[PDB]
Each structure stands twice: as structure tokens, then as C-alpha cells.
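Below is input.txt, which holds compact mmCIF, N, CA and C atoms.
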```
# COMPACT_ATOMS: atom_id res chain seq x y z
N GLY A 3 -2.20 -2.28 -18.43
CA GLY A 3 -0.97 -2.40 -19.24
C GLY A 3 -0.68 -3.85 -19.58
N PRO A 4 0.41 -4.10 -20.31
CA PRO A 4 0.89 -5.44 -20.70
C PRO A 4 1.30 -6.42 -19.57
N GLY A 5 1.59 -5.90 -18.37
CA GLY A 5 1.84 -6.73 -17.18
C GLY A 5 3.25 -7.23 -16.91
N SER A 6 3.41 -7.98 -15.82
CA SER A 6 4.70 -8.57 -15.43
C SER A 6 4.74 -10.07 -15.66
N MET A 7 5.53 -10.51 -16.64
CA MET A 7 5.63 -11.92 -17.00
C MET A 7 6.84 -12.59 -16.35
N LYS A 8 6.80 -13.91 -16.26
CA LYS A 8 7.96 -14.65 -15.80
C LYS A 8 8.64 -15.32 -16.99
N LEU A 9 9.95 -15.49 -16.90
CA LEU A 9 10.71 -16.22 -17.90
C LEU A 9 11.36 -17.42 -17.25
N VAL A 10 10.99 -18.62 -17.70
CA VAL A 10 11.60 -19.84 -17.14
C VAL A 10 12.41 -20.58 -18.18
N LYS A 11 13.66 -20.89 -17.82
CA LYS A 11 14.58 -21.62 -18.67
C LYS A 11 14.98 -22.87 -17.92
N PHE A 12 14.68 -24.02 -18.52
CA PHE A 12 15.08 -25.31 -17.95
C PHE A 12 15.48 -26.26 -19.05
N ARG A 13 16.17 -27.33 -18.67
CA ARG A 13 16.60 -28.33 -19.63
C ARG A 13 15.63 -29.51 -19.53
N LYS A 14 14.99 -29.85 -20.65
CA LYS A 14 13.99 -30.93 -20.66
C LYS A 14 14.60 -32.29 -20.28
N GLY A 15 14.00 -32.96 -19.29
CA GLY A 15 14.41 -34.31 -18.94
C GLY A 15 13.89 -35.31 -19.96
N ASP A 16 13.21 -36.34 -19.48
CA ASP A 16 12.54 -37.28 -20.36
C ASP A 16 11.21 -36.68 -20.77
N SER A 17 10.58 -35.98 -19.84
CA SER A 17 9.39 -35.20 -20.14
C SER A 17 9.55 -33.78 -19.61
N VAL A 18 8.71 -32.87 -20.09
CA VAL A 18 8.72 -31.49 -19.61
C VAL A 18 8.12 -31.43 -18.19
N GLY A 19 7.19 -32.34 -17.90
CA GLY A 19 6.56 -32.42 -16.58
C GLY A 19 5.36 -31.51 -16.35
N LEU A 20 4.59 -31.23 -17.40
CA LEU A 20 3.44 -30.33 -17.28
C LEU A 20 2.12 -30.89 -17.80
N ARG A 21 1.11 -30.85 -16.95
CA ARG A 21 -0.27 -31.00 -17.29
C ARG A 21 -0.74 -29.67 -17.87
N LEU A 22 -1.58 -29.69 -18.90
CA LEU A 22 -2.14 -28.47 -19.47
C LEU A 22 -3.65 -28.34 -19.26
N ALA A 23 -4.16 -27.11 -19.30
CA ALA A 23 -5.60 -26.86 -19.37
C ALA A 23 -5.91 -25.72 -20.35
N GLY A 24 -7.18 -25.58 -20.71
CA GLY A 24 -7.62 -24.46 -21.55
C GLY A 24 -7.61 -24.77 -23.03
N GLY A 25 -7.43 -23.74 -23.85
CA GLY A 25 -7.47 -23.94 -25.28
C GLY A 25 -7.21 -22.71 -26.12
N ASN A 26 -7.91 -22.63 -27.25
CA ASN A 26 -7.74 -21.55 -28.21
C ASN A 26 -8.42 -20.24 -27.79
N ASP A 27 -9.43 -20.36 -26.93
CA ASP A 27 -10.30 -19.24 -26.53
C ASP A 27 -9.78 -18.38 -25.37
N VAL A 28 -9.14 -19.02 -24.39
CA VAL A 28 -8.78 -18.35 -23.14
C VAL A 28 -7.29 -18.46 -22.79
N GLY A 29 -6.60 -19.42 -23.39
CA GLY A 29 -5.17 -19.63 -23.16
C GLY A 29 -4.82 -21.04 -22.72
N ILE A 30 -3.54 -21.37 -22.84
CA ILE A 30 -3.01 -22.63 -22.34
C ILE A 30 -2.58 -22.37 -20.91
N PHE A 31 -2.99 -23.25 -20.01
CA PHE A 31 -2.66 -23.07 -18.61
C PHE A 31 -1.97 -24.27 -18.03
N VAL A 32 -0.98 -24.02 -17.18
CA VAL A 32 -0.34 -25.06 -16.41
C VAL A 32 -1.33 -25.52 -15.35
N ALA A 33 -1.80 -26.75 -15.49
CA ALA A 33 -2.73 -27.34 -14.55
C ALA A 33 -1.96 -27.97 -13.40
N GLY A 34 -0.82 -28.56 -13.72
CA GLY A 34 0.03 -29.23 -12.73
C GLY A 34 1.49 -29.16 -13.11
N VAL A 35 2.35 -29.08 -12.10
CA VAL A 35 3.78 -29.16 -12.29
C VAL A 35 4.27 -30.18 -11.30
N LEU A 36 4.79 -31.29 -11.81
CA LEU A 36 5.39 -32.31 -10.94
C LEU A 36 6.61 -31.74 -10.22
N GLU A 37 6.67 -31.93 -8.90
CA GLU A 37 7.85 -31.57 -8.10
C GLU A 37 9.08 -32.38 -8.55
N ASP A 38 8.82 -33.38 -9.40
CA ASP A 38 9.85 -34.20 -10.03
C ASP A 38 10.41 -33.58 -11.32
N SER A 39 9.94 -32.37 -11.66
CA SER A 39 10.38 -31.68 -12.88
C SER A 39 11.23 -30.43 -12.59
N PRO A 40 12.08 -30.03 -13.57
CA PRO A 40 12.85 -28.79 -13.46
C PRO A 40 12.02 -27.57 -13.87
N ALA A 41 10.80 -27.83 -14.36
CA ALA A 41 9.81 -26.77 -14.60
C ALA A 41 9.39 -26.08 -13.30
N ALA A 42 9.10 -26.89 -12.27
CA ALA A 42 8.75 -26.40 -10.93
C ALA A 42 9.93 -25.70 -10.29
N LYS A 43 11.12 -26.28 -10.45
CA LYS A 43 12.35 -25.75 -9.89
C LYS A 43 12.58 -24.34 -10.36
N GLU A 44 12.26 -24.07 -11.62
CA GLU A 44 12.48 -22.75 -12.20
C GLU A 44 11.38 -21.72 -11.92
N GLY A 45 10.29 -22.17 -11.31
CA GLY A 45 9.27 -21.25 -10.81
C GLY A 45 8.03 -21.20 -11.67
N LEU A 46 7.81 -22.25 -12.44
CA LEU A 46 6.55 -22.41 -13.16
C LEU A 46 5.54 -23.09 -12.22
N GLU A 47 4.33 -22.54 -12.17
CA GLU A 47 3.34 -22.96 -11.19
C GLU A 47 2.00 -23.18 -11.84
N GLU A 48 1.17 -23.99 -11.18
CA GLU A 48 -0.22 -24.19 -11.54
C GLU A 48 -0.97 -22.86 -11.63
N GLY A 49 -1.79 -22.71 -12.66
CA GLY A 49 -2.53 -21.47 -12.87
C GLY A 49 -1.70 -20.43 -13.60
N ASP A 50 -0.51 -20.83 -14.05
CA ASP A 50 0.28 -19.98 -14.92
C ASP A 50 -0.27 -20.13 -16.33
N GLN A 51 -0.45 -19.02 -17.04
CA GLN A 51 -0.76 -19.06 -18.48
C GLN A 51 0.54 -19.15 -19.24
N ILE A 52 0.61 -20.05 -20.22
CA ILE A 52 1.80 -20.16 -21.07
C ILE A 52 1.65 -19.32 -22.34
N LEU A 53 2.47 -18.27 -22.46
CA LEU A 53 2.41 -17.37 -23.61
C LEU A 53 3.32 -17.82 -24.75
N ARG A 54 4.48 -18.37 -24.40
CA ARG A 54 5.46 -18.78 -25.40
C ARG A 54 6.32 -19.93 -24.93
N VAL A 55 6.65 -20.83 -25.86
CA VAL A 55 7.71 -21.78 -25.61
C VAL A 55 8.64 -21.79 -26.82
N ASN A 56 9.94 -21.68 -26.56
CA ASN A 56 10.94 -21.66 -27.62
C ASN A 56 10.59 -20.79 -28.83
N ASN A 57 10.21 -19.53 -28.59
CA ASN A 57 9.79 -18.62 -29.67
C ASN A 57 8.66 -19.15 -30.59
N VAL A 58 7.80 -19.99 -30.02
CA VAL A 58 6.56 -20.39 -30.66
C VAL A 58 5.43 -19.86 -29.78
N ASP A 59 4.53 -19.09 -30.39
CA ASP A 59 3.40 -18.46 -29.70
C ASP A 59 2.44 -19.52 -29.16
N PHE A 60 2.03 -19.36 -27.91
CA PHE A 60 1.08 -20.26 -27.26
C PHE A 60 -0.24 -19.55 -26.92
N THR A 61 -0.53 -18.44 -27.60
CA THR A 61 -1.75 -17.67 -27.31
C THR A 61 -2.87 -17.95 -28.30
N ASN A 62 -2.54 -18.64 -29.40
CA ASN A 62 -3.51 -19.00 -30.43
C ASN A 62 -3.29 -20.47 -30.87
N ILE A 63 -3.03 -21.33 -29.88
CA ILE A 63 -2.76 -22.76 -30.09
C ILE A 63 -3.85 -23.54 -29.37
N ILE A 64 -4.25 -24.69 -29.92
CA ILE A 64 -5.23 -25.53 -29.22
C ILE A 64 -4.54 -26.52 -28.29
N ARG A 65 -5.13 -26.74 -27.12
CA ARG A 65 -4.60 -27.64 -26.09
C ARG A 65 -3.90 -28.90 -26.64
N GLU A 66 -4.53 -29.57 -27.60
CA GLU A 66 -3.98 -30.79 -28.20
C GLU A 66 -2.65 -30.53 -28.91
N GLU A 67 -2.53 -29.37 -29.56
CA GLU A 67 -1.30 -29.03 -30.26
C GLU A 67 -0.18 -28.64 -29.29
N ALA A 68 -0.54 -27.97 -28.21
CA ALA A 68 0.40 -27.65 -27.14
C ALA A 68 1.03 -28.91 -26.54
N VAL A 69 0.21 -29.93 -26.27
CA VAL A 69 0.67 -31.18 -25.67
C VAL A 69 1.69 -31.82 -26.60
N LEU A 70 1.28 -32.08 -27.84
CA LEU A 70 2.21 -32.59 -28.84
C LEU A 70 3.50 -31.76 -28.92
N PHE A 71 3.38 -30.44 -28.76
CA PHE A 71 4.54 -29.55 -28.89
C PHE A 71 5.53 -29.77 -27.77
N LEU A 72 5.00 -29.85 -26.55
CA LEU A 72 5.82 -30.08 -25.37
C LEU A 72 6.45 -31.47 -25.43
N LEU A 73 5.68 -32.45 -25.90
CA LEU A 73 6.22 -33.79 -26.11
C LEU A 73 7.40 -33.74 -27.06
N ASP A 74 7.27 -32.98 -28.15
CA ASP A 74 8.24 -33.01 -29.24
C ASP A 74 9.55 -32.27 -28.94
N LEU A 75 9.56 -31.49 -27.86
CA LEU A 75 10.78 -30.78 -27.48
C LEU A 75 11.94 -31.76 -27.27
N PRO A 76 13.09 -31.51 -27.92
CA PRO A 76 14.22 -32.45 -27.84
C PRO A 76 14.60 -32.70 -26.40
N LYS A 77 14.91 -33.96 -26.09
CA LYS A 77 15.21 -34.36 -24.72
C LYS A 77 16.61 -33.94 -24.32
N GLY A 78 16.72 -33.35 -23.14
CA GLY A 78 17.98 -32.85 -22.64
C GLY A 78 18.38 -31.51 -23.22
N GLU A 79 17.51 -30.92 -24.03
CA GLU A 79 17.75 -29.58 -24.53
C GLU A 79 17.03 -28.53 -23.70
N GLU A 80 17.58 -27.31 -23.69
CA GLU A 80 16.99 -26.20 -22.96
C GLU A 80 15.67 -25.71 -23.57
N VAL A 81 14.66 -25.56 -22.71
CA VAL A 81 13.37 -25.01 -23.11
C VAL A 81 13.24 -23.59 -22.55
N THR A 82 12.57 -22.70 -23.29
CA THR A 82 12.38 -21.32 -22.85
C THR A 82 10.90 -20.93 -22.79
N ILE A 83 10.32 -21.01 -21.59
CA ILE A 83 8.90 -20.70 -21.40
C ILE A 83 8.65 -19.28 -20.89
N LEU A 84 7.88 -18.52 -21.67
CA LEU A 84 7.37 -17.22 -21.27
C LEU A 84 5.97 -17.42 -20.75
N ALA A 85 5.72 -16.96 -19.53
CA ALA A 85 4.50 -17.29 -18.83
C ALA A 85 3.99 -16.10 -18.04
N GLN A 86 2.80 -16.24 -17.47
CA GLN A 86 2.22 -15.18 -16.66
C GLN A 86 1.17 -15.77 -15.71
N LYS A 87 1.30 -15.47 -14.42
CA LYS A 87 0.32 -15.87 -13.42
C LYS A 87 -1.05 -15.25 -13.75
N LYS A 88 -2.02 -16.11 -14.08
CA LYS A 88 -3.41 -15.71 -14.28
C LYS A 88 -4.34 -16.72 -13.61
N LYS A 89 -4.30 -16.74 -12.27
CA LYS A 89 -5.05 -17.70 -11.47
C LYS A 89 -6.56 -17.51 -11.56
N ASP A 90 -7.02 -16.27 -11.44
CA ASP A 90 -8.46 -15.99 -11.40
C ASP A 90 -9.16 -16.43 -12.69
N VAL A 91 -8.49 -16.27 -13.83
CA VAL A 91 -8.95 -16.87 -15.08
C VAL A 91 -8.89 -18.40 -14.97
N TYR A 92 -7.75 -18.92 -14.52
CA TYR A 92 -7.53 -20.35 -14.37
C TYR A 92 -8.62 -21.09 -13.57
N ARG A 93 -9.10 -20.47 -12.49
CA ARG A 93 -10.07 -21.10 -11.57
C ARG A 93 -11.41 -21.37 -12.21
N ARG A 94 -11.70 -20.62 -13.27
CA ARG A 94 -12.91 -20.79 -14.07
C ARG A 94 -12.78 -21.96 -15.05
N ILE A 95 -11.58 -22.17 -15.60
CA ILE A 95 -11.33 -23.29 -16.52
C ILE A 95 -11.51 -24.65 -15.85
N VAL A 96 -10.83 -24.83 -14.72
CA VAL A 96 -10.93 -26.07 -13.92
C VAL A 96 -12.06 -25.98 -12.88
```
Could you rewrite the structure in this file as C-alpha cells?
Amino acid sequence: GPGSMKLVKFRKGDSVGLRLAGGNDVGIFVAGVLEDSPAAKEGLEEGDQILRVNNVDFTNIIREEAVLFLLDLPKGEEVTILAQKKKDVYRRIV
């Protein structure tokens, strides 16, 4: 089936606080979450696949475009990340 996804809502600091991995073929993955970020606080974790941010699809985006996208998110504004734990896929990427 379609599975159980997580929804994380946080307010962007100076940065979102996320390292990315993957790409257009397999998905964008959270490689790292700084404990210094509100991304971690809200329950976003390494090996999470990012499906959506702010109603922009992250399933057909290239890693480079995702980075720029997260950078471009207005500072101090709320971000809405739709995600899903996919570690076993993740372990192959890294």
C-alpha cells in the first residue's frame, strides 16, 4: 500500500539544517539533521525520504535543485515537510 508518512512542521531558522542525499532516480534523502535544528526537534531523521516541502513535490527533483530550494525558504517562516522513513533504500545510497 501507500504506507505511513510523517508530517513535520517547523519554523526555518537561518538555515533549515539538513544535509541531502540521492537524486532524481531514487529520491531525496535526509543524510543528516543537526541537533542544532528544529527539523530534528520535529522528528525528521537521517534516512528519511523527503516527499514534499511546502506543497512542492520532491519525488522528481534533482539533489542540486532540492538544496537550492531549502536554501531559498524564507527565514523565520514555517516549513511543511512530508516525509517517510526509508532506511533500507537509504543505506544503498550512502
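With all atoms listed in the file as the atoms that count, the minimum distance from residue 36 in chain A to the choices A:83, A:70, A:18, A:75 is reached by A:18.
Distance annotation: of A:96, A:55, A:81, A:10, the residue with the minimal separation from residue 23 in chain A is A:96; atom set is only N, CA and C atoms.
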For residue 64 in chain A, which residue out of A:15, A:49, A:29, A:76 is the nearest one, using only N, CA and C atoms?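 The shortest atom-to-atom distance to residue 64 in chain A comes from A:29.
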How many Å lie between atom N of residue 34 in chain A and atom C of residue 85 in chain A, rounded to one decimal? 14.0 Å
For residue 21 in chain A, work out the shell of residues within 8 Å, counting only C-alpha atoms and skipping chain neighbours fewer than 6 positions away, then give it as a PyMOL selection string. chain A and resi 32-35
Please compute the CA of residue 88 in chain A-CA of residue 40 in chain A distance, one decimal, in Å. 20.9 Å
What's the 9 Å shell around residue 17 in chain A, counting only C-alpha atoms, without same-chain residues fewer than 5 positions away, as a ChimeraX atom specification? /A:39,72-73,75,77
Restricting the calculation to all atoms listed in the file, which member of A:92, A:78, A:27, A:6 is positioned closest to residue 48 in chain A?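 Nearest candidate to residue 48 in chain A out of A:92, A:78, A:27, A:6: A:92.
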Which is closest to residue 59 in chain A among A:44, A:93, A:30, A:24, if we use only C-alpha atoms?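 Nearest to residue 59 in chain A: A:30.
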Taking into account all atoms listed in the file, which residue in the set A:50, A:66, A:74, A:58 is nearest to residue 89 in chain A?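 Using all atoms listed in the file, residue 89 in chain A sits closest to A:50.
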Coordinates-based distance that separates CA of residue 11 in chain A from CA of residue 26 in chain A (Å, one decimal):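 Atom-to-atom, CA of residue 26 in chain A and CA of residue 11 in chain A are spaced 24.3 Å apart.
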From a DSSP calculation on the backbone, collect every residue of chain A in helix (DSSP H, G or I) and output the set as a PyMOL selection string. chain A and resi 40-43+65-74+89-95
Any chance you could list, as an NGL selection string, the residues in range 3-38 of chain A that come up strand (DSSP E or B) when DSSP is run on the backbone? :A and (8-13 or 20-25 or 29-35)
Which residues are near residue 84 in chain A? Cut-off 6 Å, all atoms listed in the file, ignore same chain within fewer than 3 positions. Put them as a ChimeraX atom specification. /A:8-10,51-55
